[PDB]
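J.: Here's a structure for you.
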Amino acid sequence: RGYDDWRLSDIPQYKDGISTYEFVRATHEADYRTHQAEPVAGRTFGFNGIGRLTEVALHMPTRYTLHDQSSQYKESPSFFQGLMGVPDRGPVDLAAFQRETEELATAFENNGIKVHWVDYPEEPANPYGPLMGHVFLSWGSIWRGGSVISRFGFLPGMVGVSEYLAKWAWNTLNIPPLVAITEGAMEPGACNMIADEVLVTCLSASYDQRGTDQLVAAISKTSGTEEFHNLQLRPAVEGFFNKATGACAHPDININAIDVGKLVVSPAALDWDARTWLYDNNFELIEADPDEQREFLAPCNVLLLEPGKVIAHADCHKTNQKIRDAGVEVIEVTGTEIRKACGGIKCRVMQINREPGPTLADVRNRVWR
Amino acid sequence: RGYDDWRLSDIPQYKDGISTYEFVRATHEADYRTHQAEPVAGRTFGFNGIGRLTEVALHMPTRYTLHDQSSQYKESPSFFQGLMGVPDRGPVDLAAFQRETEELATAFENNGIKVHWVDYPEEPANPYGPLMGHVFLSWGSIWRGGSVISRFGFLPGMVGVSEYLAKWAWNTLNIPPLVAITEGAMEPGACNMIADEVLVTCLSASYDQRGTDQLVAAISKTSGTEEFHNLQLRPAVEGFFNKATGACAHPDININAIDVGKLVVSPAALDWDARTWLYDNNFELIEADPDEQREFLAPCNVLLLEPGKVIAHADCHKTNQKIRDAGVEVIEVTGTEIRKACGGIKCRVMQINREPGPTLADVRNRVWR
Amino acid sequence: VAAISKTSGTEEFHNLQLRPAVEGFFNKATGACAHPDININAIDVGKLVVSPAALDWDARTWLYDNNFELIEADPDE
Ligand code: NA
Ligand code: NA
Ligand code: NA
């Protein structure tokens with residue numbers, strides 16, 4: 001449209017003969033996401049809900065992506081092993097990491113999902129040392145209404161990274177920021193949603209109440225839903241992972257949706273209140289294999305492409321059979337090298353756009369018991 | 001510093017033999033602004049308070065900066081005149097606007113203040129028409145903790161602009177976003193502060209309670225102060241300006257600090273509660289000339305360079321003499337063309353960095369009555 | 001808690017409430033248990049033996065703030 005062709009009718013609040021007060025009031029009342037964020041961006045965006053995923057980003061590793069190449073790791077491996085708590089499976093192999101990355105990318109293209117590639121500078125560092133954990137682009141996933149700057153609870157090598165990814169989203173995709181988390185801890189990217197307006201968090205190394213409150217209030221306002229629910233798990237875990245039990249600081253290792261009102265869930269995730277809530281809201285639970293969970297094969301770290309279809313680690317054989325048994329298609333993908341750090345396949349995907357999908361009301365109305 | 005020279009001692013929460021829990025807890029407790037925002041930015045930033053201003057940005061106008069060149073203005077001038085409500089002083093003269101802009105910039109350099117220049121694309125438009133009001137870079141002023149995306153109450157031509165300026169701040173200065181205002185209305189840039197932790201807002205076309213609450217909560221957390229106070233004026237005005245009284249939707253037309261515990265204030269600004277509060281907190285009031293105020297010469301739209309020194313419109317002779325009488329140096333600067341839109345000199349300056357300055361306790365302890 | 005509070009003979013009464021992840025009595029995948037006495041006990045003044053599967057973040061914070069020293073039970077046991 002031409003610069004001199006604009007007219008007052010292009011302003012949605014304008015009406016012929018409207019008063020100043022009524023125009024201003026219509027403006028105060030407009031929805032931020034649909035009046036400002038999306039039009040200005042010139043597109044929709046956000047990973048909220050359990051609808052159809054259409055657009056993601058990955059990072060292809062270099063030597064600088066590997067945690068064991070940091071001089072701070074070299075100085076004390078046991079310090080970082082205490083923070084993450086994941087079983088030692090020996091050093092990361094760069095070439096194999098790159099291959100499993102190509103395979104994941106192929107899986108996306110074979111399922112009609114656009115993949116962007118995020119690079120970091122050579123010798124990437126923040127004010128406190130080499131970047132660490134920066135392969136895990138879910139930490140920069142995009143919410144309805146915009147990007148979020150996280151407060152990392154346990155990993156100093158992620159300081160500056162959620163900024164970097166948000167900046168990248170703005171410069172490359174034109175997607176704006178929504179909020180910076182400025183108190184306590186909140187890593188929203190590692191959360192999952194189990195319905196259009198149901199978020200799962202944890203209270204953990206990665207989340208305190210203040211951080212959670214800040215995040216939930218911001219994403220609530222732009223979620224596009226009348227209601228917003230936060231299920232808050234309470235795992236027993238000091239750092240990121242408890243290799244004695246399989247409990248994890250992050251929701252996305254403990255639980256995810258695999259279909260409408262159907263969840264894959266860890267043995268170590270559900271306290272009584274959480275269990276009661278899932279029960280009252282008609283969610284059907286598929287239990288992850290306990291050994292797969294405890295040995296950190298990340299069987300719950302599946303990525304939902306759409307209700308009834310997930311990407312999962314190819315070697316989570318037992319959990320995957322149970323998912324198939326629940327009527328869900330599983331796309332097996334190699335994810336071995338990625339687990340050598342604190343995460344699996346879902347953890348490493350930055351989700352950019354997911355179309356609106358089924359709601360909590362849909363879950364509740366499902367007849368299955 | 002070299003990429004392989006980093007050690008655990010470069011992590012401020014690290015201590016030899018610290019437990020995972022204690023390390024995580026120290027991390028949850030760290031201050032966002034001083035641990036993350038500023039280190040990652042690699043500088044300090046924020047205009048908060050009444051301390052020494054060091055860094056700003058201006059926009060040098062082109063024909064596309066002029067409000068009367070918009071096809072939507074051409075279609076109905078009376079519609080835009082109802083929104084702003086400012087006295088008609090005839091069309092803007094581009095050449096004169098450019099000259100008064102050079103003069104303002106010279107004033108900054110003569111006072112040791114760095115000036116950045118913001119350009120817009122040719123034929124700048126948003127989803128709803130030509131940009132309008134985009135010369136007013138105070139709307140993009142930077143807060144301690146980061147940039148803000150505003151919700152404009154009355155001007156649709158500012159949609160997309162606060163995003164643009166925030167994006168510019170991030171790409172050019174490395175300053176991150178703090179929050180997007182997503183409900184009601186809040187134009188934080190047009191507010192002023194009268195002490196290190198005292199903000200003045202209005203309830204007006206430009207601000208509702210929900211928007212105000214959202215903004216104040218975000219900037220509170222990063223203000224670097226134990227307390228945060230919001231004085232909320234209640235002007236009687238439908239749009240932006242009331243040419244019968246001098247009342248204005250924006251704090252920065254109604255009031256500003258000129259020194260520690262000394263304010264220049266409009267006749268039309270102070271309701272009883274506001275007056276009581278200023279009185280109880282030991283603020284000395286200098287009244288702006290009523291005619292200067294009502295005729296929209298913007299005598300309160302002075303910019304505080306530091307306690308005891310302001311930039312003011314050169315033709316606000318009466319108000320300026322009173323400011324000098326109160327012991328404050330006035331740097332007179334031509335601001336005629338700028339007033340042909342909804343604003344004056346302070347309105348057009350994006351404030352990027354102001355050093356910490358006097359506090360509310362300092363105001364209260366001043367012996368003057 | 002209200003009943004035993006009134007007769008405890010103490011000015012204050014505190015209830016630490018663990019939140020184990022367990023459906024029935026015992027979770028043989030983790031060691032989590034419905035009963036406190038399988039999850040934790042005192043062994044001395046301000047010293048506790050505690051299961052890996054017992055302490056959620058709030059419980060952990062509370063024990064920390066109140067100066068309790070924790071001895072971890074062997075995970076396999
Ligand atoms: Na719970
Ligand atoms: Na008031
Ligand atoms: Na507890």
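Ordering of the structure tokens sets the chain letters (A, B, ...); residue numbers start at 1 within each chain; ligands are numbered from 1 in the order shown.
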Pick out the residues sitting within 7 Å of region 307-309 of chain B, and hand them over as a ChimeraX atom specification; count only C-alpha atoms, and ignore anything fewer than 3 positions along from it in its own chain.

T.: /B:50-51,258-260,304,327-330

J.: Could you turn the residues from that selection into a file that holds N, CA and C atoms, as a CSV table (one decimal), in the first residue's frame?

T.:
chain,number,residue,atom,x,y,z
B,50,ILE,N,17.1,12.0,39.3
B,50,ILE,CA,17.4,13.5,39.0
B,50,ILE,C,18.9,13.7,39.1
B,51,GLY,N,19.7,12.7,38.7
B,51,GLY,CA,21.1,12.8,38.7
B,51,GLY,C,21.6,13.4,37.4
B,258,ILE,N,13.6,20.6,39.0
B,258,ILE,CA,14.6,21.5,38.6
B,258,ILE,C,15.8,21.5,39.5
B,259,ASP,N,15.6,21.0,40.8
B,259,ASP,CA,16.7,20.8,41.7
B,259,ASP,C,16.2,19.8,42.8
B,260,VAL,N,17.1,19.5,43.7
B,260,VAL,CA,16.8,18.6,44.8
B,260,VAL,C,15.6,19.2,45.6
B,304,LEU,N,16.0,18.1,32.8
B,304,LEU,CA,17.0,18.3,33.9
B,304,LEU,C,18.3,17.7,33.5
B,327,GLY,N,17.2,29.6,41.9
B,327,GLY,CA,18.6,29.2,42.0
B,327,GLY,C,19.1,28.2,41.0
B,328,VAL,N,18.4,28.1,39.9
B,328,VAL,CA,18.6,27.1,38.9
B,328,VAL,C,19.1,27.7,37.6
B,329,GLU,N,20.2,27.2,37.0
B,329,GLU,CA,20.7,27.7,35.7
B,329,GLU,C,19.7,27.2,34.6
B,330,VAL,N,19.3,28.1,33.8
B,330,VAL,CA,18.5,27.7,32.6
B,330,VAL,C,19.3,27.9,31.3

J.: Return the neighbours of chain C among the residues of chain A, cut-off 6 Å, counting only C-alpha atoms, as a list in words.

T.: residues 204, 234, 235, 236, 244, 245, 268, 269, 270, 271 and 290 of chain A

J.: Store the residues picked out above in a file with C-alpha atoms, as a PDB file, in the first residue's frame.

T.:
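Output file part.pdb is given in full below:
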ATOM      1  CA  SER A 204      13.115 -26.315  41.671  1.00  0.00           C
ATOM      2  CA  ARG A 234       7.463 -30.316  43.194  1.00  0.00           C
ATOM      3  CA  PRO A 235      10.355 -32.660  42.279  1.00  0.00           C
ATOM      4  CA  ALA A 236      12.806 -33.902  44.914  1.00  0.00           C
ATOM      5  CA  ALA A 244      18.943 -42.014  42.033  1.00  0.00           C
ATOM      6  CA  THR A 245      15.277 -41.402  41.119  1.00  0.00           C
ATOM      7  CA  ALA A 268       9.249 -39.222  39.847  1.00  0.00           C
ATOM      8  CA  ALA A 269       7.093 -36.265  38.825  1.00  0.00           C
ATOM      9  CA  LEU A 270       3.646 -36.429  40.414  1.00  0.00           C
ATOM     10  CA  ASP A 271       3.136 -35.378  44.000  1.00  0.00           C
ATOM     11  CA  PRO A 290      11.382 -46.202  35.159  1.00  0.00           C
TER      12      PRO A 290
END

J.: Please report, as a ChimeraX atom specification, each residue of chain C to which DSSP assigns alpha helix (DSSP H) when run on this structure's backbone.

T.: /C:2-6,36-39,57-65

J.: Which residues come within 10 Å of residue 274 (chain B), counting only C-alpha atoms, excluding same-chain residues fewer than 5 positions away, as a PyMOL selection string?

T.: chain B and resi 200+231-234+269+279-280

J.: Residues at most 12 Å from residue 154 (chain A), counting only C-alpha atoms, excluding those fewer than 4 positions away in the same chain, as number ranges by chain?

T.: A: 79-85, 132-133, 150, 158-159, 184-187, 204-207, 238-241, 249-250, 342; B: 11, 13-14, 19-30

J.: Please save C-alpha atoms of the selected residues as a CSV table (one decimal), in the first residue's frame.

T.:
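The result, written out as again_20.csv:
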chain,number,residue,atom,x,y,z
A,79,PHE,CA,31.5,-29.1,40.1
A,80,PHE,CA,29.5,-29.1,36.9
A,81,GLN,CA,28.5,-32.8,37.5
A,82,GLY,CA,27.1,-31.7,40.9
A,83,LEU,CA,25.1,-29.0,39.2
A,84,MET,CA,23.5,-31.1,36.5
A,85,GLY,CA,23.6,-34.5,38.2
A,132,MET,CA,27.7,-23.5,28.3
A,133,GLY,CA,24.4,-25.2,27.5
A,150,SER,CA,15.2,-16.0,31.4
A,158,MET,CA,23.5,-19.5,29.9
A,159,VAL,CA,23.8,-15.9,31.1
A,184,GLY,CA,14.5,-15.4,41.5
A,185,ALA,CA,14.6,-18.1,38.8
A,186,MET,CA,12.5,-19.1,35.8
A,187,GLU,CA,13.5,-21.0,32.8
A,204,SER,CA,13.1,-26.3,41.7
A,205,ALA,CA,16.7,-25.2,41.1
A,206,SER,CA,15.2,-23.7,37.9
A,207,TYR,CA,12.1,-22.0,39.3
A,238,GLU,CA,18.9,-30.6,44.4
A,239,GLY,CA,20.4,-29.5,41.0
A,240,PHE,CA,19.1,-30.4,37.6
A,241,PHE,CA,18.8,-34.2,37.7
A,249,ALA,CA,14.3,-29.6,37.9
A,250,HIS,CA,12.7,-29.2,34.5
A,342,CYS,CA,21.5,-31.5,30.8
B,11,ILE,CA,31.8,-16.8,38.6
B,13,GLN,CA,28.5,-17.1,43.1
B,14,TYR,CA,31.3,-19.7,43.1
B,19,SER,CA,27.3,-27.1,47.7
B,20,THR,CA,25.0,-27.3,44.7
B,21,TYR,CA,22.1,-25.9,46.8
B,22,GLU,CA,24.1,-23.0,48.1
B,23,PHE,CA,25.4,-22.1,44.6
B,24,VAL,CA,21.9,-22.3,43.1
B,25,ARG,CA,20.6,-20.2,46.0
B,26,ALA,CA,23.2,-17.5,45.6
B,27,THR,CA,22.3,-17.5,41.9
B,28,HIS,CA,18.5,-17.1,42.6
B,29,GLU,CA,19.4,-14.2,45.0
B,30,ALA,CA,21.6,-12.2,42.6

J.: Using only C-alpha atoms, find which residues of chain B lie within 6 Å of chain A and jot them down as a count of residues only.

T.: 27

J.: Apply DSSP to the structure's backbone, then extract all residues of region 15-66 of chain C labelled strand (DSSP E or B) and return them as JSON, numbers by chain.

T.: {"C": [26, 33, 40, 41, 42, 43, 44, 47, 48, 49, 50]}

J.: Output C-alpha atoms for every residue in that selection, as a short mmCIF file (atom, residue, chain, number, x, y, z; two decimals), in the first residue's frame.

T.:
data_model
loop_
_atom_site.label_atom_id
_atom_site.label_comp_id
_atom_site.auth_asym_id
_atom_site.auth_seq_id
_atom_site.Cartn_x
_atom_site.Cartn_y
_atom_site.Cartn_z
CA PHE C 26 6.07 -46.96 48.12
CA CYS C 33 7.34 -43.14 50.27
CA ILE C 40 13.65 -38.96 57.00
CA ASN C 41 14.48 -39.05 60.69
CA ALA C 42 16.65 -37.27 63.26
CA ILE C 43 19.87 -39.03 64.34
CA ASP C 44 21.19 -36.20 66.55
CA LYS C 47 21.32 -33.82 62.19
CA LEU C 48 19.03 -35.89 59.97
CA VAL C 49 19.28 -39.02 57.86
CA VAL C 50 17.35 -38.32 54.65
#

J.: What's the 7 Å shell around residue 138 (chain B), counting only C-alpha atoms, without same-chain residues fewer than 3 positions away, as a ChimeraX atom specification?

T.: /B:141,189-190,347-351

J.: What's the separation between CA of residue 282 (chain A) and CA of residue 312 (chain A), in Å to one decimal place?

T.: 24.4 Å
